[PDB]
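Student: Have a peek at protein-v2.cif (mmCIF, C-alpha atoms and all ligand atoms).
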```cif
data_my_file
loop_
_atom_site.label_atom_id
_atom_site.label_comp_id
_atom_site.auth_asym_id
_atom_site.auth_seq_id
_atom_site.Cartn_x
_atom_site.Cartn_y
_atom_site.Cartn_z
CA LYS A 1 -27.83 16.05 1.99
CA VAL A 2 -30.60 13.57 2.95
CA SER A 3 -32.70 11.79 0.30
CA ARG A 4 -36.14 10.51 1.44
CA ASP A 5 -38.83 9.05 -0.88
CA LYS A 6 -42.22 10.23 0.42
CA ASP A 7 -44.83 8.39 -1.68
CA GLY A 8 -41.94 7.39 -3.92
CA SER A 9 -41.33 11.05 -4.77
CA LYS A 10 -37.69 11.93 -4.15
CA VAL A 11 -37.26 14.42 -1.29
CA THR A 12 -33.97 16.22 -0.60
CA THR A 13 -33.26 17.70 2.84
CA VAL A 14 -30.34 20.07 3.44
CA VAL A 15 -29.30 22.32 6.32
CA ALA A 16 -29.35 25.59 4.37
CA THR A 17 -28.29 29.03 5.56
CA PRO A 18 -30.84 31.80 4.86
CA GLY A 19 -29.76 34.56 2.51
CA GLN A 20 -31.00 37.61 4.38
CA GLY A 21 -31.07 37.99 8.14
CA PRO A 22 -28.77 36.34 10.67
CA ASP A 23 -26.55 33.34 9.92
CA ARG A 24 -28.88 30.68 11.37
CA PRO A 25 -29.10 27.52 9.22
CA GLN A 26 -32.39 25.65 8.88
CA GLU A 27 -33.55 22.21 7.80
CA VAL A 28 -35.02 22.74 4.32
CA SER A 29 -36.71 20.14 2.11
CA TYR A 30 -37.51 20.20 -1.61
CA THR A 31 -38.70 17.77 -4.31
CA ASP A 32 -39.59 17.77 -8.03
CA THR A 33 -35.98 18.56 -8.92
CA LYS A 34 -35.28 18.96 -12.64
CA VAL A 35 -32.57 20.69 -14.67
CA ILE A 36 -33.70 23.88 -16.40
CA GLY A 37 -30.44 25.45 -17.53
CA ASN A 38 -26.71 25.13 -18.07
CA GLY A 39 -24.13 27.91 -18.01
CA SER A 40 -20.37 28.16 -18.27
CA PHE A 41 -20.30 28.15 -14.46
CA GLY A 42 -22.87 25.52 -13.49
CA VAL A 43 -26.35 24.02 -13.74
CA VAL A 44 -29.62 25.61 -12.58
CA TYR A 45 -32.38 23.33 -11.27
CA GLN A 46 -36.05 23.89 -10.50
CA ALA A 47 -37.61 22.45 -7.35
CA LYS A 48 -40.70 22.61 -5.13
CA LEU A 49 -40.24 23.59 -1.49
CA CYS A 50 -41.66 20.71 0.54
CA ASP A 51 -43.51 22.97 3.02
CA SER A 52 -44.65 26.24 1.40
CA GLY A 53 -45.08 24.43 -1.92
CA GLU A 54 -43.48 27.36 -3.75
CA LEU A 55 -41.22 26.85 -6.75
CA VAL A 56 -37.55 27.85 -6.55
CA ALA A 57 -34.43 27.87 -8.70
CA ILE A 58 -31.25 26.20 -7.44
CA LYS A 59 -27.95 27.30 -8.98
CA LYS A 60 -25.19 24.75 -8.37
CA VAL A 61 -21.72 26.25 -8.86
CA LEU A 62 -18.30 24.79 -8.07
CA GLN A 63 -16.65 26.50 -5.10
CA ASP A 64 -12.89 26.34 -4.63
CA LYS A 65 -12.86 26.88 -0.85
CA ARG A 66 -9.63 28.92 -1.19
CA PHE A 67 -11.41 32.29 -1.45
CA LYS A 68 -14.84 33.62 -0.61
CA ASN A 69 -17.48 33.66 -3.34
CA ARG A 70 -18.04 37.17 -4.70
CA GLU A 71 -21.48 36.32 -6.08
CA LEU A 72 -22.65 35.05 -2.69
CA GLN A 73 -21.39 38.17 -0.90
CA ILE A 74 -23.27 40.45 -3.30
CA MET A 75 -26.45 38.35 -3.28
CA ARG A 76 -26.75 38.28 0.52
CA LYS A 77 -26.36 42.06 0.69
CA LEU A 78 -29.03 42.74 -1.95
CA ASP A 79 -32.73 42.86 -1.06
CA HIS A 80 -34.91 44.62 -3.65
CA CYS A 81 -38.23 43.59 -5.20
CA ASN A 82 -36.89 43.93 -8.77
CA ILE A 83 -33.96 41.58 -8.09
CA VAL A 84 -34.24 37.80 -7.83
CA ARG A 85 -34.28 36.91 -4.14
CA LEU A 86 -31.66 34.68 -2.53
CA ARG A 87 -33.74 32.53 -0.18
CA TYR A 88 -31.07 30.08 1.01
CA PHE A 89 -27.65 28.69 0.20
CA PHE A 90 -25.77 25.51 1.09
CA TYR A 91 -22.80 23.37 0.06
CA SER A 92 -22.79 19.86 -1.40
CA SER A 93 -20.87 17.55 -3.74
CA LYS A 94 -17.34 16.39 -8.58
CA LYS A 95 -15.31 14.05 -6.38
CA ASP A 96 -13.36 15.78 -3.60
CA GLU A 97 -15.10 18.89 -4.94
CA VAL A 98 -17.32 21.34 -3.07
CA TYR A 99 -20.33 22.95 -4.78
CA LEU A 100 -22.09 26.14 -3.70
CA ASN A 101 -25.87 26.02 -4.14
CA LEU A 102 -27.99 29.16 -4.36
CA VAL A 103 -31.74 28.80 -3.76
CA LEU A 104 -33.46 31.67 -5.58
CA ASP A 105 -36.89 32.86 -6.65
CA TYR A 106 -38.44 30.90 -9.50
CA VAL A 107 -39.72 33.24 -12.22
CA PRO A 108 -41.56 31.68 -15.18
CA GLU A 109 -40.64 33.95 -18.14
CA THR A 110 -37.88 36.27 -19.38
CA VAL A 111 -37.84 39.44 -21.45
CA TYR A 112 -35.90 37.60 -24.16
CA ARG A 113 -38.63 34.97 -24.57
CA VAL A 114 -41.41 37.57 -24.56
CA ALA A 115 -39.65 39.71 -27.17
CA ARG A 116 -38.94 36.67 -29.36
CA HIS A 117 -42.61 35.61 -29.45
CA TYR A 118 -43.69 39.05 -30.57
CA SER A 119 -40.84 39.12 -33.09
CA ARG A 120 -41.80 35.71 -34.52
CA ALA A 121 -45.41 36.90 -34.91
CA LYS A 122 -44.20 40.06 -36.71
CA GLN A 123 -45.73 41.85 -33.71
CA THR A 124 -44.42 44.75 -31.65
CA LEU A 125 -44.53 44.62 -27.87
CA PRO A 126 -47.09 47.18 -26.61
CA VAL A 127 -45.32 50.20 -25.15
CA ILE A 128 -47.01 49.70 -21.76
CA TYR A 129 -45.00 46.50 -21.37
CA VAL A 130 -41.91 48.33 -22.64
CA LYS A 131 -42.46 51.03 -20.01
CA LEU A 132 -43.15 48.46 -17.27
CA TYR A 133 -40.10 46.30 -17.98
CA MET A 134 -37.70 49.19 -18.66
CA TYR A 135 -38.76 51.01 -15.49
CA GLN A 136 -38.21 48.02 -13.20
CA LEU A 137 -34.81 47.31 -14.77
CA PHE A 138 -33.66 50.89 -14.19
CA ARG A 139 -34.98 50.76 -10.62
CA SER A 140 -32.98 47.59 -9.96
CA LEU A 141 -29.92 49.30 -11.43
CA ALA A 142 -30.42 52.43 -9.32
CA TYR A 143 -30.51 50.20 -6.23
CA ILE A 144 -27.35 48.22 -6.98
CA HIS A 145 -25.49 51.32 -8.21
CA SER A 146 -26.26 53.05 -4.90
CA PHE A 147 -24.07 50.34 -3.35
CA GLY A 148 -21.39 50.81 -6.01
CA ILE A 149 -22.20 47.45 -7.63
CA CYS A 150 -22.13 47.05 -11.42
CA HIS A 151 -24.07 44.10 -12.84
CA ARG A 152 -21.89 44.04 -16.00
CA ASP A 153 -24.09 41.55 -17.94
CA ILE A 154 -27.40 43.33 -18.54
CA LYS A 155 -29.18 41.39 -21.29
CA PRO A 156 -32.79 40.37 -22.03
CA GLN A 157 -32.20 36.77 -20.97
CA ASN A 158 -31.17 38.05 -17.51
CA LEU A 159 -34.48 39.93 -17.02
CA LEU A 160 -36.94 37.45 -15.53
CA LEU A 161 -40.68 38.09 -15.80
CA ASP A 162 -43.94 37.00 -14.23
CA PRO A 163 -46.38 37.60 -17.12
CA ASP A 164 -49.42 37.76 -14.82
CA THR A 165 -48.00 40.35 -12.42
CA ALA A 166 -45.60 42.03 -14.91
CA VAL A 167 -42.84 41.99 -12.26
CA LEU A 168 -39.22 42.02 -13.44
CA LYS A 169 -36.41 40.29 -11.51
CA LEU A 170 -32.80 41.05 -12.43
CA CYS A 171 -30.75 37.86 -12.13
CA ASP A 172 -27.29 36.32 -12.65
CA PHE A 173 -24.96 38.46 -10.54
CA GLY A 174 -22.07 36.11 -11.35
CA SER A 175 -20.47 38.96 -13.31
CA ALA A 176 -21.31 41.70 -10.80
CA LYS A 177 -18.60 43.57 -8.91
CA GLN A 178 -18.24 46.61 -6.65
CA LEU A 179 -16.43 49.10 -8.87
CA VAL A 180 -13.73 51.05 -7.03
CA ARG A 181 -12.39 54.14 -8.76
CA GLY A 182 -8.73 53.87 -9.72
CA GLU A 183 -8.74 50.10 -9.41
CA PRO A 184 -8.84 48.29 -12.77
CA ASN A 185 -11.55 45.91 -13.92
CA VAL A 186 -11.63 43.04 -16.40
CA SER A 187 -12.94 44.31 -19.74
CA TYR A 188 -14.42 41.11 -21.21
CA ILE A 189 -17.65 41.11 -19.19
CA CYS A 190 -21.09 41.83 -20.73
CA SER A 191 -22.55 39.85 -23.62
CA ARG A 192 -22.79 40.62 -27.32
CA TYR A 193 -24.97 43.47 -28.63
CA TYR A 194 -25.18 44.95 -25.12
CA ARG A 195 -21.48 45.76 -24.69
CA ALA A 196 -20.75 49.45 -24.16
CA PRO A 197 -18.33 51.17 -26.58
CA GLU A 198 -15.66 51.45 -23.87
CA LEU A 199 -15.89 47.69 -23.33
CA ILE A 200 -15.46 46.99 -27.05
CA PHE A 201 -12.34 49.18 -26.79
CA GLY A 202 -11.11 46.93 -23.97
CA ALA A 203 -11.13 49.73 -21.39
CA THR A 204 -10.38 48.69 -17.81
CA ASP A 205 -11.36 51.98 -16.10
CA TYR A 206 -15.07 51.79 -16.96
CA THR A 207 -17.85 52.78 -14.55
CA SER A 208 -21.38 51.58 -13.77
CA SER A 209 -22.68 53.52 -16.80
CA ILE A 210 -21.98 50.38 -18.85
CA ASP A 211 -25.13 48.92 -17.27
CA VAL A 212 -26.99 51.99 -18.56
CA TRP A 213 -25.72 51.40 -22.10
CA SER A 214 -26.87 47.77 -22.03
CA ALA A 215 -30.26 48.91 -20.74
CA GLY A 216 -30.51 51.39 -23.62
CA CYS A 217 -29.83 48.53 -26.03
CA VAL A 218 -32.59 46.44 -24.45
CA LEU A 219 -35.01 49.37 -24.73
CA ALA A 220 -34.11 49.92 -28.39
CA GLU A 221 -34.49 46.18 -29.01
CA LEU A 222 -38.00 46.22 -27.53
CA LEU A 223 -38.94 49.17 -29.75
CA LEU A 224 -37.32 47.77 -32.90
CA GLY A 225 -38.17 44.08 -32.56
CA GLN A 226 -34.49 43.13 -32.98
CA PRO A 227 -31.08 44.05 -31.51
CA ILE A 228 -30.01 47.56 -32.47
CA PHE A 229 -26.22 46.88 -32.61
CA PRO A 230 -25.82 43.30 -33.88
CA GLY A 231 -22.55 41.71 -34.90
CA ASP A 232 -20.40 38.62 -34.37
CA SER A 233 -17.31 40.78 -33.74
CA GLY A 234 -16.26 44.12 -32.29
CA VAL A 235 -15.82 45.74 -35.70
CA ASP A 236 -19.32 44.66 -36.73
CA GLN A 237 -20.89 45.95 -33.51
CA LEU A 238 -18.93 49.20 -33.74
CA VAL A 239 -20.05 49.80 -37.32
CA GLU A 240 -23.71 49.32 -36.35
CA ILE A 241 -23.16 51.82 -33.52
CA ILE A 242 -21.38 54.33 -35.77
CA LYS A 243 -24.22 54.11 -38.30
CA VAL A 244 -26.56 55.43 -35.57
CA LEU A 245 -24.51 57.61 -33.22
CA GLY A 246 -22.20 58.81 -35.98
CA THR A 247 -18.44 58.63 -35.81
CA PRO A 248 -17.12 59.37 -32.30
CA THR A 249 -15.23 62.62 -31.84
CA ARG A 250 -11.62 62.78 -30.67
CA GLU A 251 -12.85 63.88 -27.24
CA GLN A 252 -15.43 61.08 -27.10
CA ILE A 253 -12.81 58.46 -27.98
CA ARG A 254 -10.71 59.82 -25.10
CA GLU A 255 -13.66 59.45 -22.75
CA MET A 256 -13.80 55.68 -23.32
CA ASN A 257 -10.20 54.64 -23.99
CA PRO A 258 -7.56 57.23 -25.00
CA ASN A 259 -5.56 54.30 -26.33
CA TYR A 260 -7.86 54.36 -29.38
CA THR A 261 -7.51 58.02 -30.42
CA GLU A 262 -5.32 57.71 -33.55
CA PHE A 263 -6.87 54.54 -34.99
CA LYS A 264 -8.94 54.76 -38.20
CA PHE A 265 -12.73 54.69 -37.87
CA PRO A 266 -15.69 54.43 -40.26
CA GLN A 267 -16.50 58.05 -41.10
CA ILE A 268 -20.30 58.10 -41.10
CA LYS A 269 -22.46 61.05 -40.04
CA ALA A 270 -25.17 60.83 -37.38
CA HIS A 271 -28.38 59.22 -38.59
CA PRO A 272 -31.19 61.12 -36.80
CA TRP A 273 -32.79 58.90 -34.16
CA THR A 274 -36.39 59.25 -35.40
CA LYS A 275 -35.30 57.44 -38.60
CA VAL A 276 -33.96 54.52 -36.53
CA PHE A 277 -37.38 53.34 -35.29
CA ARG A 278 -40.82 52.58 -36.77
CA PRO A 279 -42.93 55.66 -37.62
CA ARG A 280 -45.50 55.21 -34.81
CA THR A 281 -42.76 55.08 -32.16
CA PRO A 282 -43.43 57.39 -29.17
CA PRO A 283 -41.07 60.39 -29.32
CA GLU A 284 -40.52 60.24 -25.56
CA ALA A 285 -39.13 56.72 -26.05
CA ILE A 286 -36.77 57.86 -28.82
CA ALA A 287 -35.62 60.67 -26.53
CA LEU A 288 -34.83 58.24 -23.71
CA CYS A 289 -32.89 55.96 -26.07
CA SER A 290 -30.76 58.92 -27.18
CA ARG A 291 -29.95 59.80 -23.55
CA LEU A 292 -28.83 56.27 -22.65
CA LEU A 293 -26.89 55.39 -25.82
CA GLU A 294 -24.34 58.19 -25.55
CA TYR A 295 -20.69 57.76 -26.52
CA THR A 296 -19.34 59.62 -23.48
CA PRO A 297 -20.11 57.47 -20.40
CA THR A 298 -20.57 60.43 -18.04
CA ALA A 299 -23.23 61.82 -20.41
CA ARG A 300 -25.53 58.81 -19.98
CA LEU A 301 -28.54 59.14 -17.70
CA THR A 302 -28.31 57.52 -14.30
CA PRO A 303 -30.82 54.74 -13.55
CA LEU A 304 -32.70 57.09 -11.22
CA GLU A 305 -32.80 59.88 -13.82
CA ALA A 306 -34.04 57.27 -16.30
CA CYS A 307 -36.90 56.21 -14.03
CA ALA A 308 -38.01 59.86 -13.87
CA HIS A 309 -37.87 60.27 -17.67
CA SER A 310 -41.04 61.44 -19.41
CA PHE A 311 -41.26 58.06 -21.18
CA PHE A 312 -42.47 56.50 -17.91
CA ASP A 313 -45.11 59.15 -17.19
CA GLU A 314 -47.94 56.78 -18.13
CA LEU A 315 -46.78 54.51 -15.30
CA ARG A 316 -47.47 57.38 -12.87
CA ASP A 317 -51.03 58.15 -14.04
CA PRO A 318 -53.45 56.98 -11.29
CA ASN A 319 -55.65 55.15 -13.83
CA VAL A 320 -52.90 52.88 -15.31
CA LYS A 321 -53.82 49.18 -15.28
CA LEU A 322 -52.30 46.06 -16.76
CA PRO A 323 -53.72 44.95 -20.13
CA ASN A 324 -55.15 41.91 -18.31
CA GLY A 325 -57.05 44.18 -15.89
CA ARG A 326 -54.81 43.78 -12.84
CA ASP A 327 -53.03 46.59 -11.03
CA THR A 328 -49.47 47.51 -11.91
CA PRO A 329 -46.66 46.33 -9.61
CA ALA A 330 -45.48 48.55 -6.77
CA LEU A 331 -43.45 51.16 -8.64
CA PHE A 332 -43.24 53.96 -6.05
CA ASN A 333 -42.10 52.41 -2.73
CA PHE A 334 -38.62 53.90 -3.02
CA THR A 335 -36.37 53.44 -0.03
CA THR A 336 -34.13 56.41 0.72
CA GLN A 337 -31.25 54.11 -0.22
CA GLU A 338 -32.67 53.79 -3.74
CA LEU A 339 -32.89 57.59 -3.89
CA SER A 340 -29.33 58.09 -2.61
CA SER A 341 -27.87 59.28 -5.92
CA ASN A 342 -30.43 62.13 -6.05
CA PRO A 343 -33.17 62.40 -3.38
CA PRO A 344 -34.84 65.55 -4.89
CA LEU A 345 -35.92 63.30 -7.82
CA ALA A 346 -38.46 61.77 -5.39
CA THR A 347 -40.96 64.54 -6.15
CA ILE A 348 -41.26 63.10 -9.68
CA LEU A 349 -40.71 59.40 -8.94
CA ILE A 350 -43.24 59.16 -6.05
CA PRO A 351 -46.46 60.72 -7.45
CA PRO A 352 -48.88 62.85 -5.33
CA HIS A 353 -51.46 60.01 -5.37
CA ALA A 354 -49.00 57.59 -3.75
CA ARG A 355 -47.90 59.35 -0.54
CA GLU A 356 -49.65 59.62 2.89
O1 LIG B 1 -28.12 33.18 -11.74
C1 LIG B 1 -29.12 33.68 -11.22
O2 LIG B 1 -29.09 34.63 -10.42
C2 LIG B 1 -30.45 33.11 -11.58
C3 LIG B 1 -31.59 33.46 -10.85
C4 LIG B 1 -32.81 32.96 -11.18
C5 LIG B 1 -32.96 32.07 -12.25
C6 LIG B 1 -31.81 31.72 -12.99
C7 LIG B 1 -30.55 32.25 -12.64
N1 LIG B 1 -31.85 30.86 -14.06
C8 LIG B 1 -32.98 30.33 -14.43
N2 LIG B 1 -32.95 29.49 -15.50
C9 LIG B 1 -31.97 29.38 -16.51
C10 LIG B 1 -32.33 29.54 -17.84
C11 LIG B 1 -31.38 29.44 -18.84
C12 LIG B 1 -30.07 29.17 -18.53
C13 LIG B 1 -29.72 29.01 -17.21
CL1 LIG B 1 -28.06 28.67 -16.80
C14 LIG B 1 -30.64 29.11 -16.19
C15 LIG B 1 -34.22 30.62 -13.76
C16 LIG B 1 -35.45 30.06 -14.15
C17 LIG B 1 -36.56 30.38 -13.45
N3 LIG B 1 -36.57 31.23 -12.38
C18 LIG B 1 -35.43 31.77 -12.00
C19 LIG B 1 -34.21 31.49 -12.66
#
```
So, in terms of structure tokens, how does the structure I just supplied come out?
Ligand SMILES: O=C(O)c1ccc2c(c1)nc(Nc1cccc(Cl)c1)c1ccncc12
Tutor:
Amino acid sequence: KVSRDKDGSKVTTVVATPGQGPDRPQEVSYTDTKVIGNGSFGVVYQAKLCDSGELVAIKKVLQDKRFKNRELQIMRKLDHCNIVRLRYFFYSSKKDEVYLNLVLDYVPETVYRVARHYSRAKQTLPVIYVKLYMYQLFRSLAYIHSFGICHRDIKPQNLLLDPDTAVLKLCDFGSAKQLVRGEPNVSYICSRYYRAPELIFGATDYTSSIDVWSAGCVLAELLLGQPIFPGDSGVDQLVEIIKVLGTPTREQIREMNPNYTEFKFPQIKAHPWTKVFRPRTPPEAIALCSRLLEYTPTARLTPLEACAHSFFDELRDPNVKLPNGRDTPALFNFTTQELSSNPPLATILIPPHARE
């Protein structure tokens, strides 16, 4: 690194490799560096790029140079406008230790912080924001699932937001992995409340539909004003699930983890979904929640099928505007890659007033 002091302000200069494009490192300078987060894996800083002036996030993470970094491999491959961009990366130094640094988009808000304000004010988030945020999350999932990549930690904190533009960036791919059928996967990924039933059961043969379950939990949380399946333990989470979905059937238990077929379960009958939410809740939203929070993983909607759900129809009306008067983000510029899982769905996703 190189530390200048233009007008006393500390300036860092590093030869950083761009994320996308060809492997051609560049001299990059930034200042105004301050810590804005700490995780189990490292610290995340905020900084100002010394030329463009734009704000960025820098994620410092220790790198044992023995193996490649899985997060870096996935982040360089991804390029989607609902996923936090990897602008650059570089290495630095604690002693005799190498650190990998990821320079990413700075995004000022998160879904968690927006939902908590409304919750503290005893206020419900307007459904237009629920449609906007949910749609962009599912679109980001449809894009990464097309590549076989499972995020595995979908949670409201991980959904960044620009409140002016209403644009959602999915972030933290440190738990993401390309899921190969037949090969086993660690079962202790995903955070509380948003863990799929198969993950609570410790299943190692799970699929990308666990991201769809977590998304259904985030949708239900936005409608309810609080997490739908809370609990400090697996039993507590499972009971809150069983109180809604009813007790799982023998076949459904075999679709998550057969190794849990003979165990004893709380024997509660299915509470009808309409009685789970507030009375003025849109029925199309309740319908979508029911199609994502299904016991059998193969029965859950795909992210692309979710984007085409009737709940998001208001996003396709030509007259839709943001509450603050601006235009909605670009919700229809689907690449054929995004539509890989089902291209015929494009007749619904891309509306007649958005073609050429
Ligand atoms: O990992 C990424 O991909 C990733 C990507 C972007 C951000 C991030 C993590 N973490 C942020 N901050 C943050 C907030 C709380 C805890 C922690 Cl550890 C970090 C942050 C802030 C503003 N804009 C973008 C980001």
Student: Find the residues near residue 313 of chain A: any atom within 12 Å, counting all atoms listed in the file, skip ones fewer than 6 places away on the same chain, and give them as a ChimeraX atom specification.
Tutor: /A:127-128,131-132,135,284-285,306-307,319-320,331,348-351
Student: Just give me the gap between atom CA of residue 158 of chain A and atom CA of residue 206 of chain A in Å, one decimal is fine.
Tutor: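 Computing it gives 21.2 Å between the two atoms.
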Student: Please determine, counting all atoms listed in the file, which residue among A:172, A:101, A:92, A:112 has the shortest atom-to-atom distance to ligand LIG 1 (chain B).
Tutor: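 Of A:172, A:101, A:92, A:112, the one nearest ligand LIG 1 (chain B) is A:172, counting all atoms listed in the file.
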Student: Distance atom CA of residue 160 of chain A-atom CA of residue 345 of chain A, one decimal place?
Tutor: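 Computing it gives 27.0 Å between the two atoms.
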Student: Excluding segment 14-31 of chain A and any residue of its chain fewer than 6 positions from it, enumerate the residues within 10 Å of it, using only C-alpha atoms, and give them as an NGL selection string.
Tutor: :A and (1-6 or 46-56 or 72-73 or 75-79 or 85-92 or 101-104)
Student: Here is a test: counting all atoms listed in the file, which residue of A:322, A:142, A:180, A:159 is nearest to ligand LIG 1 (chain B)?
Tutor: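 Smallest distance to ligand LIG 1 (chain B) is found for A:159.
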Student: Have a look at A:293, A:268, A:255, A:261 and name the one nearest to residue 194 of chain A; count all atoms listed in the file.
Tutor: A:293
Student: For segment 207-214 of chain A, find every residue with an atom within 8 Å (counting only C-alpha atoms), except residues of its own chain fewer than 5 positions away, and show them as a list in words.
Tutor: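 Surrounding residues, per the criterion: residues 141, 145, 148, 149, 150, 151, 152, 153, 154, 155, 179, 194, 195, 196, 292, 293, 294, 297, 298, 300, 301, 302 and 303 of chain A.
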Student: Using only C-alpha atoms and all ligand atoms, which protein or nucleic acid residues are at most 9 Å from ligand LIG 1 (chain B), as a ChimeraX atom specification?
Tutor: /A:35-46,55-59,71,75,83-86,102-110,157-158,160-161,169-174
Student: Determine the nearest neighbour of residue 241 of chain A from the options A:263, A:334, A:188, A:273, counting only C-alpha atoms.
Tutor: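 Using only C-alpha atoms, residue 241 of chain A sits closest to A:273.
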Student: Quick one: everything within 12 Å of residue 65 of chain A, counting all atoms listed in the file, minus sequence neighbours fewer than 2 positions away in the same chain. Send it as a PyMOL selection string.
Tutor: chain A and resi 61-63+67-69+91+96-100
Student: Those residues you just picked out, can you put them in a file as a PDB file, in the coordinates of the input with C-alpha atoms?
Tutor:
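Output file result_0.pdb is given in full below:
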```pdb
ATOM      1  CA  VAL A  61     -21.720  26.250  -8.860  1.00  0.00           C
ATOM      2  CA  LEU A  62     -18.300  24.790  -8.070  1.00  0.00           C
ATOM      3  CA  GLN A  63     -16.650  26.500  -5.100  1.00  0.00           C
ATOM      4  CA  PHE A  67     -11.410  32.290  -1.450  1.00  0.00           C
ATOM      5  CA  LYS A  68     -14.840  33.620  -0.610  1.00  0.00           C
ATOM      6  CA  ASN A  69     -17.480  33.660  -3.340  1.00  0.00           C
ATOM      7  CA  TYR A  91     -22.800  23.370   0.060  1.00  0.00           C
ATOM      8  CA  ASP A  96     -13.360  15.780  -3.600  1.00  0.00           C
ATOM      9  CA  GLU A  97     -15.100  18.890  -4.940  1.00  0.00           C
ATOM     10  CA  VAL A  98     -17.320  21.340  -3.070  1.00  0.00           C
ATOM     11  CA  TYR A  99     -20.330  22.950  -4.780  1.00  0.00           C
ATOM     12  CA  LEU A 100     -22.090  26.140  -3.700  1.00  0.00           C
TER      13      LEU A 100
END
```
Student: When you draw a straight line from atom CA of residue 342 of chain A to atom CA of residue 291 of chain A, how long is it in Å?
Tutor: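 It comes out at 17.7 Å.
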Student: Taking into account all atoms listed in the file, which residue in the set A:324, A:226, A:340, A:123 is nearest to residue 304 of chain A?
Tutor: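 Using all atoms listed in the file, residue 304 of chain A sits closest to A:340.
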Student: Compare A:139, A:122, A:66, A:264 by their minimum atom-to-atom distance to residue 308 of chain A, counting all atoms listed in the file, and give me the closest one.
Tutor: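 Distance minimum relative to residue 308 of chain A lands on A:139.
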Student: Near segment 275-282 of chain A, counting only C-alpha atoms, which residues have an atom at most 10 Å away, once you skip same-chain residues fewer than 2 positions from it, shown as a PyMOL selection string?
Tutor: chain A and resi 127+220-221+223-225+228+243-244+271-273+284-287+311
Student: With 6 Å on each side, where is the centre of the axis-aligned box around all listed atoms of segment 212-223 of chain A, and how long are its edges in Å to one decimal, as lines of an AutoDock Vina configuration file?
Tutor:
```
center_x = -32.3
center_y = 49.1
center_z = -24.2
size_x = 25.2
size_y = 17.8
size_z = 23.2
```
